[PDB]
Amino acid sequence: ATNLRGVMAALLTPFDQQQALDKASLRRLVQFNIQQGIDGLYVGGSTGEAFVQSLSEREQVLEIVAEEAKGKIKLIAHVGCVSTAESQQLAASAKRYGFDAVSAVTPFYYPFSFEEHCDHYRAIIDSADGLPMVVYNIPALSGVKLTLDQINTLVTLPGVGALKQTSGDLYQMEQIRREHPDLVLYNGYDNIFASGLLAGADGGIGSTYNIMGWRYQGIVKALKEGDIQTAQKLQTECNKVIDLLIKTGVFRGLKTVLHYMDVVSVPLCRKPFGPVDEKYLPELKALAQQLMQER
C-alpha cells in the first residue's frame, strides 16, 4: 500500500467520431502523462467513462495502459461495476495484466446495505488475488452516504490499502488521517487539493492531472518546503482552469485541451454526452498554448 502514495491521473478514455475506442490516442495519452512526471494512472474510472463501456472495452483499455506503462509508474485499475460478478471479472483481468492495485466505486443505483458493500469489496479483493484494493468513495455521483465508522470499517478490510476520498468535507479528511496514521489517502476533488493535503491527504487522484499534473506535484513540493504562497498560487491557477472546464463540461473539455496539445485525435465523450459548445474553443485552445509554453 505504501508505494501507492502519490499524485495519480484519472485517465481519460479516447474515442473516435464513430464512438469506437481510439487506441492510438490512448497510447499517446499514457506517454504524455508519464512525461509530465505523474506518479501513476487510475484507469477505467469515472473519468475514464467506465460506465458507458462494455467489460470487454474496459479490459482492452486496461491491457494497453499496462503495455505502455507497467514498471514505469504505478497502475491502479478501476474495476467497479454495479454487479459483483462483473467487478470480479475485471479484477481478474487487472491481475493478469500486471496492475499494482485495483479499485471499485461503491456499487450504485440500487440501495445496498453497508454489509452488502463490504461483501462486495471482499469478493473483488479475492478475485484480485494479491493486488491491494482502493476503496473509492464519491457520494455526489453514487448516492451512497457512509458514516465515518462505516468508512473506518471499509479501510481495515483485509486487502484494502487505500481510500479515494472524493468528498469536500475536510473535517472528515482530518478524522480519517487521525484514525489511520499510515493509510494511503487520496484527495478526489481537484479544486481543493492544497487544502485536502493540509487536512491529511497524502496525494490525490484527479481528472485535471491529465493536462497539468506538474502543478499538483508543485503543490505537494511547495507544501513540503513550507512555501504557502506558491502552494496557493498553484491551487489558484488550477481553479482558474477548473472554472472553465465546469463551464464546458469537464471530460470533453479536458479531451479538447489534449486535442490542441496534439495528443487526442478526436475530443469526444460517448453518448449521451454531447460535444463541446464551439464558442468555448478559443478559451480551450489558448489554455492549451498557455500550458504547453508553461512546462
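We number the residues from 1 along the sequence you see.
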| item | value |
| --- | --- |
| Given 277-285 and 8-16, the range whose Cα B-factors average higher in the PDB entry | 277-285 |
| 78-86 versus 214-222 - greater average Cα B-factor per the deposited record | 214-222 |
| Options 96, 164, 180, 120 - largest CA temperature factor per the record | 180 |
| Top Cα B factor in the deposited entry, candidates 252, 28, 270, 259 | 259 |
| Position of residue 168 among the chain's modelled residues by C-alpha B-factor, lowest, middle or highest third | middle |
| Modelled-residue ranking by C-alpha temperature factor, third containing residue 35 | highest |
| CA B-factor ranking of residue 59, expressed as a third of its chain | lowest |
| Entry-reported Cα temperature factor of residue 186, expressed as the chain third it lands in | lowest |
| Residue 53 - which third its CA temperature factor falls in, relative to the rest of the chain | lowest |
